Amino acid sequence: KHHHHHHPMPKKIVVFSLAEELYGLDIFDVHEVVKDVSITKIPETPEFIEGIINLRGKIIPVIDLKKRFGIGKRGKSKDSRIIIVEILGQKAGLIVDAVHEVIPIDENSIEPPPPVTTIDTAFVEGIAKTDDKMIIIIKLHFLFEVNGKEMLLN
């Protein structure tokens, strides 16, 4: 890849909400955003695996982040979406209450989480701070890892 230095190209975070809290992902990790509809529940899976979607002929497992993180089960509406990401070279869907904004940030303002924070640090890449808000940048790596093994993943 040939890079350009003509003008500043800031880190852009897609900010979404889960109940009363703000979370983010780098736009680079956001492949697409689909509506939170027609999730087919799959028997014998963990509760946080809401099910699957059929997206253009591909099976995509969808996680409910509130169930994964232990967040209050409030905030769902028509604004709900499924953010398509890639975890270990596989497509995955993350349920969110809404994509609110896309904000530029200095990557160097992102702080490592303390040992114990809003959600398990296993799920936290770093902590950014916007408006007068805390934004946890989610780490995608282990979202599907149940004990030593990946569910519906690998």
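Numbering starts at 1 and follows the sequence shown.
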Can you tell me whether 108 to 116 has a higher mean C-alpha B factor than 54 to 62 in this record, or the other way round? 108 to 116
Could you settle it for me: does 40 to 48 or 85 to 93 have the higher average Cα B factor in the PDB entry? 40 to 48
Options 98, 124, 27, 128 - largest CA temperature factor per the record: 128
What third of its chain, lowest, middle or highest, does the C-alpha temperature factor of residue 141 fall into? middle
Ranked by Cα temperature factor within the chain, is residue 9 in the lowest third, the middle third or the highest third? middle
By the entry's values, the third containing the CA B factor of residue 135 is the highest
